[PDB]
Each structure stands twice: as structure tokens, then as C-alpha cells.
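Chemist: Just dropping this structure here.
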2 protein chains.
Amino acid sequence: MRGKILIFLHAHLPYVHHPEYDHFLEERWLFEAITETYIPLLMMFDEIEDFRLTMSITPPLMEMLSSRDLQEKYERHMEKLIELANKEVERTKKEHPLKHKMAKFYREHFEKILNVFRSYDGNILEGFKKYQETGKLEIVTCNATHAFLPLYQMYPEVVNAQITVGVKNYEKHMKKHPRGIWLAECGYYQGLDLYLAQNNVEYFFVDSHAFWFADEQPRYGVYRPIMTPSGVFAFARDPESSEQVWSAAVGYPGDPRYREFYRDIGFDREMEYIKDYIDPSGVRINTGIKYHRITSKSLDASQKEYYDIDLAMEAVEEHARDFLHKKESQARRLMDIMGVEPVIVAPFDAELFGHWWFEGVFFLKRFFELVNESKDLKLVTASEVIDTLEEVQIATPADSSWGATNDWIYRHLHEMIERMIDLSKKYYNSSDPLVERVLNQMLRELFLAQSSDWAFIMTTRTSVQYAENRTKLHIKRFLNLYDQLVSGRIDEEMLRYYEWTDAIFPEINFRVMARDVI
Amino acid sequence: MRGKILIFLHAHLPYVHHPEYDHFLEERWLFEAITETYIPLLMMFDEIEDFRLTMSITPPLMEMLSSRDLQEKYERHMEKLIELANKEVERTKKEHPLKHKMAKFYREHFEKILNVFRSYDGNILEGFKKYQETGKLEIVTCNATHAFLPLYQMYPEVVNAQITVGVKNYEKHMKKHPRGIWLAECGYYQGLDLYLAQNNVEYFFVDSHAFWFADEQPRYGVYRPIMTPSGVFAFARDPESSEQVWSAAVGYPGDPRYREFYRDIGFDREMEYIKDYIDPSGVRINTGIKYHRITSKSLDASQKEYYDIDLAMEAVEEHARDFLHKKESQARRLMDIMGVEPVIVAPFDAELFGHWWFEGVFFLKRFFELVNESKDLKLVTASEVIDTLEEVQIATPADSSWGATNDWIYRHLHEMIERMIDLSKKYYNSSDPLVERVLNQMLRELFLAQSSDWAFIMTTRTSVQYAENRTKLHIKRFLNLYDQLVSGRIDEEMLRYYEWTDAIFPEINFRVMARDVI
């Protein structure tokens, strides 16, 4: 028998859509994610012989990747960047040979990336869809807005609508019902499996504490899924495969041979040279072309040496065999103690691979190829395991998450949900398409204000600032519509403005909020 | 055989000393910690028949508790508060009976607290010292300033000086060498055990990942200490006893019968009534007298019901038996799989008990009494276990922590450490007591700038604001002294100002920075 390795990547970005501007600072997050992570995954799926991988692509992120104005902006961003790449291959010619060499790597690579983007007429969802069809990739949905559902457990209508909207949104893009779901922050509370069952969801992921703190602990601990009484399968995180293994402070990515994130030519190159690749404001930002390796544990960032991609590859080769040997060792020990095949569930934030850690997808590819050769280990997707397992225990998971004033926001959320439900029931049978448009945008506004991102975020250079500004912006938009509706004075131009800027789920139906609960 | 339960409380606050003001906002953190957590622990140690508990009291916190100007300010704060308590027992008389009843609880309780403080001539360290002498309490030290040591691993001089200064500071207050140490954030890197051995430290605590990710995993996992090759014992966190069990979102403290933190009369009572118990600025803040229970998962905080302390006690009784039954169950399972007694290591932030969770120390007391009666379980301190264990495996822990630009700060830290070392060696043999005073305050300034608190803090209502302001303030003070020294123009009045405001380790000796490493 072989141990089963289930690698899970969580691919999420908040819905950030600013069509009122031509370059916006927080739309670059999306572009870096596409360049650094999503397309290099595609490249890696194409190049590798075989893999098995499960991932989320959250509805906000599907809605952005499919938006053909973002695709146009990305294409223009990629050209600006290939232009810079060229400027850089000449300017580097008389500088360090490593630095010169990298600039040419960067030119070829960026060309390759934009070319893959073009292969798919700029919808890279089509690429992910195509790997799902092979069965090598398994893509799960997420709640509609990546709201943290345990915060809203007293408002089952918004919770279940969060789920349904995600499910339908996935169907729309993927042309297939989702089988599994990733809850934002693994936020799970008791009873939530019922709504998942109502939504025809087959499996979700929980934190380890969901099994440890259950009334009776699952017999095989976190190394086999359980089935809830409702028939929904839960997969618990292997805490031995935690966040720390990917830490720069203590894990593989902190290796001195790896590319340094916080050195970039947008901070180093002379201002007149670099002007129209930074912010139009004139402020220095990251470009994506970076020449230094981490070098050492020094606090003196000026002492950083130039990146050598061959040593970097030597590091991934070592790390990938370290991790392999650790999983084989863990598998063998578990088989011997358990008597059935362990399934080792290891979820990571997607951007950790290729974005925070430049060499991450290279690592992923080498680890897959190694697991493929291993006689102790098999890659599985999560739907393969639910389709294959015969013994599975039945258990109920404990409230939990994978977890890490300011209450003007909360009482406003409370009133918005309460009002949204009232009005959805009140206008359930309306055929007025203006009232419907209004109610539909109210729900979008409400969902947009629920993003966990704006609350206790995974915002890189975010800072509780653009975030609480985001939340209040959507609260205010919702209240404006509420006021126009409640008083006969629907303002059609404002409504169209809102429909345009906050365009997330075009197919939504406010009537989701009028359904029964409990 | 019985399972061994090792409860660990981490008691830390940053050094915040503002003698230039008469009330300062961030000196109230200390007062709430004393009132809500440190004295009620003392009360609980006195009242319980028997307990075993290990805790840190970090050097910044010992230095504040012993400062007899803070003790005077606390005494005056406690009287202001007992005065408010009295105003409240009358004003409540015709309001809800729960609310009236609580106000009288609050009067008696605050009187009791200030009275314990007086029992000890206002040094409550004397109380903690007295329980260490019984052997029921074990108090470990921490690095001098709760700096995160893996950030500084390339500067072994500052690392080892962080350790030594803590060790000596503990000796000064406790009149005993410390046997164990708690590293800030369990930040551990390979080699750090050597410096601990050099400092005569017998045991430290690491994160679970320190064992899981070791070259060979410890045979008994996290349920027995290991000994490093250097002879230093490491105790790994039981991840089944994690932070989540004390979560308000998913754990016991979130029970609707428990006292609500974010309702306080300083926000509710009328302004003219409440004026001289809030900020002198006139801004509303917490008073410490709070009348509501959590009530429900509602986002509508206005719907909160009044606190009933008897139901709250019924909740602690249930929770304490839940936790007991979970630890007995875990013990029995482990004994049967291991063949020796497990030691279950469960560390918590101290303020989680009594401060975030009002009923926390009550819970602690009931859990101890229950464990005391249990036939499956024994309370142990960490020094009891190192003194008792005969089989212990030898292993080397992996880099790890219990873990969760902006680089002007870093290059300044780099230069300050580098300069501090130079000058400590250069003036090693000086007998000039002015140069010595200067060098001694430079080191304080440097250490104060290293506080992890100011970096990725455990700041409640802190916000990366008072924090980076703190860091830069100490950087600037250090550079001022550096400049005066390097140029002959030591400014004695400024130096005395610094000695007064930043008075942390009076006994320090800058020569710690001139020692060998490696």
C-alpha cells in the first residue's frame, strides 16, 4: 500500500474592480498573481507528465479573470513589462553577468506568459477547466464573497446565499456543478454541513481542531476524511504539513539561494529611467523584475548578492527531496500504525508558490515528479479519494477555523442583512425589472461588504485602511439603494454606476435571500 | 500510571514607562492586567488547596511591577475605580437587579484586589516568588526585551545578551537563577540551545513544528520533552490544546453566559456622570465595570442581555469538565499507545485568563481541582518533569515558532547592533562612569527597539502606529547618544532624561555586548 498525498492550493483574490481608472494600484495584485502564480501553474501542468492536485478558484477571482476589460488591461500591462524587459537586457549588458543573464531570462519568460494568455484568448479559466476534464486537477468552489461564515451563523439566510451564489457562479464558469468547497479561513460551525448538503456539496476542508475537538475524535485522526451524518465528507489539515514549512523565516523559501522578494529595479533604477513603469503618481513600486537572492539572514538588505537561477534550482532539488523523504517517512509510520492508507492533507495559499516564493512552482513540479516515482506515495485529488474510500468513519466536526470597537461596521451589517431579507420576501413575486436590478445590486453590495479580506485580511501591502474603506464604501452604496427603493425615488444613473463598478455576479438573483432556513 | 498536565501561562507586557505624564493611555494596559489577571491568579493560588503551574514573567513586566512609581499610580487608579464602584452601586439601585447586583460584586472585588496589592506593599512579584518557593508554581524567564530571536540570528552578540540580561534580571527580582526560559513567540533557530546552555538554562518551550520537522521526529511526538545534545530540555506544545479552545469565535469563552468584553459603562453612562473615569482628553474608554453577557452570535451588540454571574459559573463548571474529560481521554489513549506517561504541554497567553475572558481564572481553578481529583491525571510543573524523567530521547529541534518595505527600521537595527558591539569592545576597559552610563543607555535603547511587540505585536488596541512610533523613538534616542559619544559632546541632561524615561534594567552592563560568540 501507498500513502496518499493531497496537495491543496487556495487561489483567491478580493473583487477589486475600478473601471473608473486606467491604472489602479490594487488591480496590480491581480496582474502579479496571474504572472507569478496562475499561468506558471498552467505551464507546469502542461510540461509535467502527470500530476494530481486540488485547488479552489474563488468566485471573486473567477469573476475577475473572466472580465474581458481586465484581460485587456493585463495584456497592456504585460507589454509594458516586456518593453521594460528589453530596456533592461541592454542596460544590463555592461553590469554583472548574473544580472545581465536574469534580464534575458525575464524577457523570454514574460513573452512566454503573455503567449499562454493569448493561447486562451485571455481567459485562463479555460486552461484550468481543461485540466479538470483530464481528472488530474480538481477545482472546488468557495462561498460567494469569501466571507467568514462563522461570523454570520446567526443569519442563516446570508450564509446559505453565500454558498449558493458561489456554487452557481462556479457552474456558470466551469459548466459543471462543484463537488467540493473551500470555506473562507476554514470557518466552520456546527450545522453548516447541512447547507452544504442542501447545496449538493460533497466535501469540504476543515482545520485540525475540527477533528481534535469533536465529541469523539476520529479514529484515524486527520489522516482519513470523515463523513458527516448528512453525508458530506470533511478533510482535515495535516498540521505536520503546516504554513511553517513555507515560511521565509524558518522554512524552505528562506534559503539564501532563493530570489529576494523585496529588491526590485523600481526601487533601484534611476528615476528618469524607471518613471513610466512605476505609479503614475511618481511613487516607487515593484515591477516584477528582481535581481537579488536572499543571500543571508542579514538585516542589511544592501549586502544582498545577485540572483543565480542555477543555484536556486539546486536548492529546489534539495528541498523537494527533503519534503518527499519527510512524507514517505510519515506515510510508512502511519500505514504501520493505522492499517489503512493515510491521506495527508496539505493546503497552501496559492500565491505562496511563484509569488512570495519565486521558485515555488518549480518546487511543486519537482515534488510531483518525485512522488510519481516514489514507491511509498501517490498523488490524489480530493474527489478521487471520496470516490475510492470504503471505510470512512462518521463524525461531526467541531466549530473551528484555520485561524488568525470597530462595530459601526457590525450594526450596519446586522441591519443590511435584516433589511435585505425583508425586501427579498416583500418583492419575491414582483415582475418590476427596475426593483429587481436594485435588489440584485443591494445583495452584491452586501456580499462585497462581507469579504473577509476587508476584516482580518490576507492583504500583503493592504493595511487596515483600503480595507475598512472598502467595507464602508459597500455599506454606503447599499444604504443609498435601500433609501431610493423604500421611497419611490430609484435613481437610475446611480444604479447603473453601481452595476458597472461593482459588477461581480451578473446572474445573481436577490430571491436567494428569501429562502427558508434551519 | 497518570498523564501529566503541564499548563503554561505566558505573562508579558512591553516596557511602557511614561513618567513625563500623570495618566498615559498605554499605562492602563498594565493596570487592567494587574486587576484582571495577575492578582486574581494570586487570589486563586491562595484559595485553592493545591495546584501545579508554570509561567513566564518577562523581564519588561518584572521591571514594571517592581517600579514603585507604577505601584503608586496603580493604587491611585484602584481608588478612582472603587470610588466609581460606589457611585455605581447607588445609580444602579433603581435599574435592573442583575445590573445592581453586579455593581456590588464590583465594589467588593476591587476592594479585595487593592487589599491584596497592599498585603504585598504593592510588589506582587513577592507573591509570585512565594508560590515558587512552595514548588506549586514554576516561573521561567524570557529574553530581556521579548525580541524575536530568529530575526537576529546573524547577530549572536545581541541574541546572547538578550538571554543573559533576562537571566540576570530574573535573578535580581527572584533571588534565584531561572531554570527554564520562554523564548518570545517560541522563536527558536538551530544553535540557540548552545547559548541557553552557556547561560545555565535547563529547559525551553518550542512549537510543535520544532519536533515534527526535526531530521528524525521524536519517538513520543510532542508528549515527552526531548534533551538537546547540549543537555537542554525542550517541551513541545500540544497542538490539540491550541489557541482555538480559548477562542471567543469557536471555543469556551464565546459562550453566551459569559461576560461581554466590549460593553462598558464608559461608553454607555452619560458624559457628565462618567467624565473623570475616562480619558482626560474626554474620549470614551473602558472602565473595567461591565454589565452584559455575550448573549448570542448577533452582530447587533445593542441586543445584549445583562450579566448573571451564577449562570456564568454554571458555564465554567461545564467547560472545566469538558476540558477535563478531553484530557483524560487523551491521556488514556496516549498511555496505551506509548507505554509511558504523556506530558501534555498547554501554553496560553496569561491575559486570556481573566482579561479577555473574565471567568478564565475561575475556569483555571475548577480545572485544577478537577485534575487534582482525577485518577487519570496529575498537574506537573516543567521543573518537576525534568527532575523526574528517566527516559528522554536526545534530539535537535528544527527552526520554528508559535507563529503569526518597512526596512528603514531594519538597516537602522543592523547599524545599531554593529555599532553597539564595536563600542562595547572599544570601551571594555574604560573606567569613565559617564561613558559607561552612555553605553548602558544605548543598550537599553537598542533592546527597547527590539521588542517584538512593536513589530508583529500582540497589541490589543495597539495598531501599527504607537508601535512603529515606539521603535523609531528608541532608534532616535540611541543615535543621539551615539553621536554625543563619538564626538566628545556627551550631553548629561539629555542622558539623564533617557535614564529616567527608559529606566528598564538599572543593573545592566554594556559589556555583555563585547563577549565572544559562536
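Residue numbers start at 1 in each chain; chains themselves are named A, B, ... in the order of the C-alpha cells; ligands are numbered from 1 in the order shown.
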Can you pull out the residues contacting stretch 353-356 of chain A? Cut-off 10 Å, using only C-alpha atoms, and skip same-chain residues under 3 positions away; I want them as an MDAnalysis selection string.
Modeler: chainID A and resid 9 32:41 246:248 253 259:262 288 348:350 359:364 460
Chemist: Got time to write the residues from that selection, C-alpha atoms, as a PDB file, in the first residue's frame?
Modeler:
ATOM      1  CA  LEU A   9      -3.874  25.247  -3.268  1.00  0.00           C
ATOM      2  CA  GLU A  32       1.211  39.798 -10.391  1.00  0.00           C
ATOM      3  CA  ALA A  33      -0.911  36.768  -9.281  1.00  0.00           C
ATOM      4  CA  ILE A  34      -1.626  35.908 -12.953  1.00  0.00           C
ATOM      5  CA  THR A  35       2.018  36.361 -13.943  1.00  0.00           C
ATOM      6  CA  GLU A  36       3.715  34.811 -10.913  1.00  0.00           C
ATOM      7  CA  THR A  37       1.256  32.034  -9.995  1.00  0.00           C
ATOM      8  CA  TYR A  38      -1.731  31.205 -12.224  1.00  0.00           C
ATOM      9  CA  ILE A  39      -0.034  30.974 -15.664  1.00  0.00           C
ATOM     10  CA  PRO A  40       3.151  29.245 -14.349  1.00  0.00           C
ATOM     11  CA  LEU A  41       0.780  26.602 -12.842  1.00  0.00           C
ATOM     12  CA  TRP A 246       6.844  27.533   3.574  1.00  0.00           C
ATOM     13  CA  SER A 247       7.975  30.226   5.962  1.00  0.00           C
ATOM     14  CA  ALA A 248      10.805  32.548   4.847  1.00  0.00           C
ATOM     15  CA  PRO A 253      11.734  29.640   0.887  1.00  0.00           C
ATOM     16  CA  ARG A 259      15.228  35.074  -5.178  1.00  0.00           C
ATOM     17  CA  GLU A 260      14.747  38.037  -2.823  1.00  0.00           C
ATOM     18  CA  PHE A 261      11.231  39.498  -2.975  1.00  0.00           C
ATOM     19  CA  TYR A 262      11.985  42.973  -1.609  1.00  0.00           C
ATOM     20  CA  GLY A 288       8.365  42.188 -11.198  1.00  0.00           C
ATOM     21  CA  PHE A 348      -1.483  26.238   0.974  1.00  0.00           C
ATOM     22  CA  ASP A 349      -2.263  29.687  -0.130  1.00  0.00           C
ATOM     23  CA  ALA A 350      -1.638  29.593  -3.906  1.00  0.00           C
ATOM     24  CA  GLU A 359      10.737  29.150  -7.268  1.00  0.00           C
ATOM     25  CA  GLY A 360       7.580  27.672  -5.691  1.00  0.00           C
ATOM     26  CA  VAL A 361       6.010  26.223  -8.816  1.00  0.00           C
ATOM     27  CA  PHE A 362       9.386  24.677  -9.780  1.00  0.00           C
ATOM     28  CA  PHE A 363       9.331  23.069  -6.327  1.00  0.00           C
ATOM     29  CA  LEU A 364       5.756  21.896  -6.907  1.00  0.00           C
ATOM     30  CA  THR A 460       0.015  41.813   1.574  1.00  0.00           C
TER      31      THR A 460
END
Chemist: Which chain B residues are at most 7 Å from chain A (counting only C-alpha atoms), as a list in words?
Modeler: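 Close to chain A, chain B has residues 154, 209, 212, 240, 250, 262, 297, 298, 299, 300, 399, 400, 405, 410, 411 and 414 of chain B.
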Chemist: Okay, now the selection with N, CA and C atoms, as an mmCIF file, in the first residue's frame?
Modeler:
data_model
loop_
_atom_site.group_PDB
_atom_site.id
_atom_site.type_symbol
_atom_site.label_atom_id
_atom_site.label_comp_id
_atom_site.auth_asym_id
_atom_site.auth_seq_id
_atom_site.Cartn_x
_atom_site.Cartn_y
_atom_site.Cartn_z
ATOM 1 N N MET B 154 21.819 36.344 12.992
ATOM 2 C CA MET B 154 23.077 36.716 12.410
ATOM 3 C C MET B 154 23.891 37.663 13.294
ATOM 4 N N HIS B 209 5.999 22.256 15.523
ATOM 5 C CA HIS B 209 6.776 22.096 14.289
ATOM 6 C C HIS B 209 8.321 21.832 14.562
ATOM 7 N N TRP B 212 8.151 18.098 14.753
ATOM 8 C CA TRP B 212 7.639 17.460 13.531
ATOM 9 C C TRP B 212 8.605 17.589 12.419
ATOM 10 N N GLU B 240 -3.332 19.888 20.103
ATOM 11 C CA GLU B 240 -4.699 19.586 20.486
ATOM 12 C C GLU B 240 -5.158 20.483 21.609
ATOM 13 N N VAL B 250 -14.943 30.337 18.470
ATOM 14 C CA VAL B 250 -15.204 28.881 18.428
ATOM 15 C C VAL B 250 -14.978 28.104 19.734
ATOM 16 N N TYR B 262 -16.767 43.974 25.302
ATOM 17 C CA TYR B 262 -16.959 45.236 24.591
ATOM 18 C C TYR B 262 -18.265 45.953 24.915
ATOM 19 N N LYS B 297 -24.815 35.091 19.117
ATOM 20 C CA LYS B 297 -23.926 35.375 17.999
ATOM 21 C C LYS B 297 -24.316 36.597 17.202
ATOM 22 N N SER B 298 -25.233 37.403 17.740
ATOM 23 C CA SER B 298 -25.730 38.545 16.988
ATOM 24 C C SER B 298 -24.630 39.577 16.770
ATOM 25 N N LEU B 299 -24.661 40.188 15.594
ATOM 26 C CA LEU B 299 -23.852 41.332 15.235
ATOM 27 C C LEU B 299 -24.417 42.618 15.836
ATOM 28 N N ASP B 300 -25.671 42.569 16.292
ATOM 29 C CA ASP B 300 -26.322 43.687 16.948
ATOM 30 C C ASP B 300 -25.992 43.711 18.438
ATOM 31 N N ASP B 399 14.243 24.738 13.320
ATOM 32 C CA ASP B 399 13.889 26.166 13.371
ATOM 33 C C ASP B 399 12.389 26.292 13.379
ATOM 34 N N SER B 400 11.868 27.137 14.263
ATOM 35 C CA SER B 400 10.457 27.208 14.377
ATOM 36 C C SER B 400 9.994 28.354 15.266
ATOM 37 N N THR B 405 8.424 47.011 1.995
ATOM 38 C CA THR B 405 9.418 47.682 2.832
ATOM 39 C C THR B 405 9.079 47.614 4.332
ATOM 40 N N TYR B 410 15.019 48.264 9.771
ATOM 41 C CA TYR B 410 15.974 47.178 9.720
ATOM 42 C C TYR B 410 17.417 47.607 9.519
ATOM 43 N N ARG B 411 17.702 48.456 8.527
ATOM 44 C CA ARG B 411 19.079 48.910 8.367
ATOM 45 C C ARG B 411 19.521 49.734 9.556
ATOM 46 N N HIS B 414 20.442 46.977 12.138
ATOM 47 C CA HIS B 414 21.703 46.476 11.704
ATOM 48 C C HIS B 414 22.878 47.368 12.154
#
Chemist: Identify, with DSSP run on backbone atoms, the residues in stretch 150-285 of chain A assigned to strand (DSSP E or B), and express the list as a ChimeraX atom specification.
Modeler: /A:180-182,188,203-206,226-227,233-236,259
Chemist: Can you tell me, as an mmCIF file with C-alpha atoms, in the first residue's frame, which residues in stretch 161-234 of chain A count as helix (DSSP H, G or I) by DSSP?
Modeler:
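Resulting contents of selection_31.cif:
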data_model
loop_
_atom_site.group_PDB
_atom_site.id
_atom_site.type_symbol
_atom_site.label_atom_id
_atom_site.label_comp_id
_atom_site.auth_asym_id
_atom_site.auth_seq_id
_atom_site.Cartn_x
_atom_site.Cartn_y
_atom_site.Cartn_z
ATOM 1 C CA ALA A 161 -26.834 32.540 -0.034
ATOM 2 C CA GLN A 162 -23.071 32.938 0.284
ATOM 3 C CA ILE A 163 -22.843 29.187 -0.501
ATOM 4 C CA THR A 164 -25.441 29.026 -3.284
ATOM 5 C CA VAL A 165 -24.136 32.041 -5.083
ATOM 6 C CA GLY A 166 -20.627 30.535 -5.109
ATOM 7 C CA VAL A 167 -21.981 27.183 -6.329
ATOM 8 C CA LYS A 168 -23.970 28.778 -9.169
ATOM 9 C CA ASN A 169 -21.070 31.055 -10.042
ATOM 10 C CA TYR A 170 -18.795 28.065 -10.403
ATOM 11 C CA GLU A 171 -21.406 26.292 -12.561
ATOM 12 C CA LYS A 172 -21.554 29.352 -14.863
ATOM 13 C CA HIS A 173 -17.802 29.420 -15.482
ATOM 14 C CA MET A 174 -16.996 25.756 -15.241
ATOM 15 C CA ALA A 184 -13.006 31.038 3.769
ATOM 16 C CA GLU A 185 -10.451 30.575 6.600
ATOM 17 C CA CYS A 186 -11.842 27.038 7.043
ATOM 18 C CA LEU A 192 -23.066 24.322 8.300
ATOM 19 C CA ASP A 193 -22.655 20.847 6.732
ATOM 20 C CA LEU A 194 -26.483 20.751 6.368
ATOM 21 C CA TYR A 195 -26.459 23.813 3.999
ATOM 22 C CA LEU A 196 -23.636 22.242 2.097
ATOM 23 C CA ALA A 197 -25.721 19.089 1.736
ATOM 24 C CA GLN A 198 -28.695 21.241 0.639
ATOM 25 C CA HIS A 209 -9.035 21.333 15.559
ATOM 26 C CA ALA A 210 -12.361 20.302 13.888
ATOM 27 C CA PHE A 211 -11.366 16.636 14.469
ATOM 28 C CA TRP A 212 -9.359 17.066 17.682
ATOM 29 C CA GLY A 221 -7.079 11.373 13.280
ATOM 30 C CA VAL A 222 -6.537 13.846 10.417
ATOM 31 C CA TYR A 223 -5.247 11.134 8.095
#
Chemist: Find the distance between atom CA of residue A:103 and atom CA of residue A:269 and write it in Å to one decimal.
Modeler: 13.5 Å
Chemist: Between atom CA of residue A:294 and atom CA of residue A:268, measure the distance and give it in Å to one decimal.
Modeler: 16.3 Å
Chemist: Determine, counting only C-alpha atoms, which protein, DNA and RNA residues have an atom within 7 Å of an atom of residue B:107; residues of the same chain fewer than 2 positions away are not included. Present the result as a ChimeraX atom specification.
Modeler: /B:82,85-86,103-105,109-111
Chemist: Would you mind listing what lies within 9 Å of stretch 483-492 of chain A as a PyMOL selection string, with only C-alpha atoms counted and same-chain residues fewer than 2 positions away left out?
Modeler: chain A and resi 434-435+438-439+478-481+494-497
Chemist: Mind dumping the selected residues with N, CA and C atoms as a JSON list (two decimals), in the first residue's frame?
Modeler:
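New file selection10.json:
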[["chain", "number", "residue", "atom", "x", "y", "z"],
["A", 434, "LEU", "N", -36.79, 46.95, -12.60],
["A", 434, "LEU", "CA", -36.01, 48.03, -12.01],
["A", 434, "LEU", "C", -35.78, 47.72, -10.54],
["A", 435, "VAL", "N", -36.86, 47.38, -9.83],
["A", 435, "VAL", "CA", -36.80, 46.94, -8.43],
["A", 435, "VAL", "C", -35.86, 45.74, -8.25],
["A", 438, "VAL", "N", -32.31, 46.71, -8.59],
["A", 438, "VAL", "CA", -31.93, 47.40, -7.37],
["A", 438, "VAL", "C", -31.63, 46.41, -6.25],
["A", 439, "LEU", "N", -32.50, 45.43, -6.12],
["A", 439, "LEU", "CA", -32.37, 44.43, -5.10],
["A", 439, "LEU", "C", -31.15, 43.54, -5.39],
["A", 478, "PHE", "N", -25.00, 50.31, -0.46],
["A", 478, "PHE", "CA", -26.19, 49.54, -0.13],
["A", 478, "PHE", "C", -27.27, 50.44, 0.46],
["A", 479, "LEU", "N", -26.88, 51.34, 1.37],
["A", 479, "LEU", "CA", -27.86, 52.20, 2.02],
["A", 479, "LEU", "C", -28.50, 53.22, 1.06],
["A", 480, "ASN", "N", -27.70, 53.72, 0.12],
["A", 480, "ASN", "CA", -28.21, 54.55, -0.95],
["A", 480, "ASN", "C", -29.29, 53.85, -1.72],
["A", 481, "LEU", "N", -29.04, 52.61, -2.13],
["A", 481, "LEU", "CA", -30.08, 51.90, -2.89],
["A", 481, "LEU", "C", -31.29, 51.62, -2.01],
["A", 494, "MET", "N", -27.28, 56.48, -10.97],
["A", 494, "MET", "CA", -26.51, 55.98, -9.85],
["A", 494, "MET", "C", -26.51, 54.44, -9.85],
["A", 495, "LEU", "N", -27.68, 53.83, -9.98],
["A", 495, "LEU", "CA", -27.80, 52.37, -10.06],
["A", 495, "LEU", "C", -26.94, 51.78, -11.16],
["A", 496, "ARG", "N", -26.93, 52.41, -12.33],
["A", 496, "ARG", "CA", -26.09, 51.93, -13.42],
["A", 496, "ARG", "C", -24.62, 52.14, -13.10],
["A", 497, "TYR", "N", -24.34, 53.12, -12.25],
["A", 497, "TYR", "CA", -22.95, 53.40, -11.93],
["A", 497, "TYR", "C", -22.50, 52.19, -11.08]]
Chemist: In Å to one decimal, how far is atom CA of residue A:458 from atom CA of residue A:277?
Modeler: 25.8 Å
